[PDB]
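Trainee: Starting from these lines, generate the structure:
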Amino acid sequence: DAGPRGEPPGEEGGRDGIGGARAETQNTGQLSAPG
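Mentor: Numbers count the residues shown, from 1 in each chain. See the structure here:
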């Protein structure tokens, strides 16, 4: 339980997410989806 495993919803977050406001300060999703 005490050991490292990262963050599952942050792997998803790195895939097609919008770090900025949806969809204005940032207009489309990032990083790893193929455009």
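
Trainee: This protein: helices as residue ranges?
Mentor: Counting by DSSP state H, residue ranges of the helices within the chain are 8-16.

Trainee: Just give me the residue right at the centre of the chain.
Mentor: Residue closest to the mean C-alpha point of the chain, counted by Cα atoms, centre = their mean, is residue 13 at 1.9 Å.

Trainee: separation between that one and residue 31?
Mentor: Separation of residue 13 from residue 31 (Cβ to Cβ, to the nearest Å): 9 Å. All C-beta spots, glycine's among them, are computed from the backbone N, C-alpha and C.

Trainee: Count the neighbours of residue 18 for me.
Mentor: Residue 18 has 15 neighbours, counted by other Cβ atoms under 10 Å.

Trainee: Wait, it touches residue 25, no?
Mentor: No. With the criterion set as Cβ atoms under 8 Å, residue 18 and residue 25 do not qualify as a contacting pair; they are 9.1 Å apart.

Trainee: ok, the residue nearest to the centre of the chain - contacts?
Mentor: Each residue near residue 13 by Cβ atoms under 8 Å, 6 or more residues apart in numbering is listed here: residue 7.

Trainee: and if you look at the one 10 residues further on?
Mentor: For residue 23, no residue counts as a contact, taking Cβ under 8 Å, 6+ apart as the criterion.

Trainee: next one: residue 31
Mentor: The contact partners of residue 31, taken as Cβ under 8 Å, 6+ apart, are 14, 15.

Trainee: how about a cut-off of 7 Å?
Mentor: The neighbours of residue 31, taking Cβ atoms under 7 Å, 6 or more residues apart in numbering as the test, are residue 14.
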